[PDB]
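A single chain comes next, written as structure tokens; it is the form deposited in one PDB entry.
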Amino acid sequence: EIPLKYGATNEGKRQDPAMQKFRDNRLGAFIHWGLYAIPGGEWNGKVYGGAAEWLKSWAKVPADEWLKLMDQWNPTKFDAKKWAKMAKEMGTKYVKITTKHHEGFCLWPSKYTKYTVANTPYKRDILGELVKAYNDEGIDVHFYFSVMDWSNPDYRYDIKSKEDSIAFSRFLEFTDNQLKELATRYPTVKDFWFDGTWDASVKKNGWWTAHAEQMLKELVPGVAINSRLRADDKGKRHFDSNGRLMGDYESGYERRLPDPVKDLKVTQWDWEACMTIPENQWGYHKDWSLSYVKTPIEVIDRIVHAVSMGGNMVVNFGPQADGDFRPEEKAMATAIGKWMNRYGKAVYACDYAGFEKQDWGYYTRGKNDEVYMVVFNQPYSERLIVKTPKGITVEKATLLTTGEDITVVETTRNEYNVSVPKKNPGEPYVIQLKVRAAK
């Protein structure tokens, strides 16, 4: 056992109503919008295949020249009420917004830097408009914040001198100022999701990460803080040197997910995954033909996968420079929305069911011990295998959409065949089980 000043604080999972809400929400959308949307992956006539929001890096653009894009920031089609309506219709319960990405341009008019929305043709507080619009739809808002900042020359990648240490100390104060500003300007915020915390400079300054967490929790009652912020005394990130989770939820599953058989450890803490639609594009990229683009069922599979293992999922969108969404993203949101409207009782407010994974799909467990079978892979056998934990029996099965009764046949002690529906649903579908535990 190691002694630590800046390690974990939470015992197990938070069970206050604010965390229960963060959890129960389950499905969110991510918005990556920044100056990178203007060039859209292309610089000086060359299209780069890397993530469009990192184009400054790929094309080696100096900060002064990158930040001049502010002069073209004029999203005339932007309408926050329309954005919120799109998120509502998708069935998202929350949205995570890039308040500032690595480029350093702020979507709110920060008083601590000139690189903000206020100094663009458009002038308006985008972020404030979004907060208000989403909240009006009953949709929680979470703020993405990049610690790394390519616009501020006090940023350091590592501390190699006393000069570096002085500069970086200023940078942290500047960061604290932006954070307090966001918290006090927009007090309905439910979560801060830190990114760009991987450099040695941050790892060496664990104390600050713990401080940022406590500071924001004092300013916003019940606010959530992601693990990715946090580093301990020894520079160990996410989980401290005694294996304990820092922050309120685990936040490392990015464009990947834990294995449903081998990574059951994740059910012991709250966590959230995020994903892109193309292979690796978060900001708007002009050419989606350059990598594989997921279909709606592929996205829905990942969402349900997350919930089945006790985690949330956040699907990313990268709005155009003009403030509208591309057609592929509108189609996706609409498709997800249709399916969630029909089957979302197996997603919202659900969790890990404690059953052995089977090949047909995923189990989720409801708040009143409902066990849902979410079927993505239809067996030619016409039988869905259900192996129960010790002491649990299956009393009934019901097709969720129609209420029709589904035959259940005991095959062995602790195992059943649940029939497929008489008519093939023709899409991923849900069978609800009634289970009983021995007494």
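In this text, the rigid core denotes the largest set of C-alpha atoms whose superposition between the two forms falls within 1.5 Å. The numbering used is simple: start at 1 and walk along the sequence shown.
When the core is superposed, where do the C-alphas shift more in 8 other deposited structures of this protein: in 249-257 or in 104-112?
Result of the core-fitted comparison in 8 other deposited structures of this protein: 249-257 deviates more.
Between 86-94 and 200-208, which has the higher average C-alpha B-factor in the PDB entry?
On average, C-alpha B-factors are higher across 200-208.
Mind pulling up the entry and telling me whether 250-258 or 171-179 has the higher mean Cα temperature factor?
It is 171-179.
Among 379, 34, 40, 403, single out the one with the highest C-alpha B factor in the record, please.
If I rank 379, 34, 40, 403 by C-alpha B-factor, first place goes to 40.
Between 70, 385, 27, 373, which one tops the list for Cα B-factor in this entry?
The C-alpha B-factor peaks, among 70, 385, 27, 373, at 70.
Chain-wide C-alpha B factor ranking for residue 63, given as lowest, middle or highest third
Its C-alpha B-factor, which the entry lists for residue 63, ranks in the highest third among residues of this chain.
Sorting the chain's CA B-factors, does residue 362 end up in the lowest, middle or highest third?
It falls in the bottom third of the chain.
Using the B-factor values recorded in the entry, state whether the Cα atom of residue 106 falls in the lowest, middle or highest third among the modelled residues of its chain.
Middle third, going by the recorded CA B-factors of the chain.
Comparing against every modelled residue in the chain, figure out the third that the C-alpha B-factor of residue 435 lands in (lowest, middle or highest).
As the PDB entry reports it, the C-alpha B-factor of residue 435 lands in the middle third of its chain.
Taking the chain's C-alpha temperature factors as the reference, tell me which third residue 112 falls into: lowest, middle or highest.
Highest third.
Although not depicted, the form solved in complex with a small molecule is the subject of the following passage.
Selected contact from 340, 225, 353, 231, since only one has a non-hydrogen atom within 4.5 angstroms of the small molecule in the bound PDB entry
Partner contact (heavy atom, 4.5 Å) among the options: 353.
Within 4.5 Å, heavy atoms only, which of 365, 305, 236, 93 is in contact with the small molecule in the bound PDB entry?
None of the others qualify; the residue that does is 365.
Counting heavy atoms only and using a 4.5 Å cut-off, do 371, 392 and 437 all touch the small molecule in the bound PDB entry?
All of them do, each having a heavy atom within 4.5 Å of the partner.
In terms of non-hydrogen atoms within 4.5 angstroms, which of the given stretches 106-114, 240-248, 353-361, 154-162 touches the small molecule in the bound PDB entry?
Going by heavy atoms within 4.5 Å, the stretch is 353-361.
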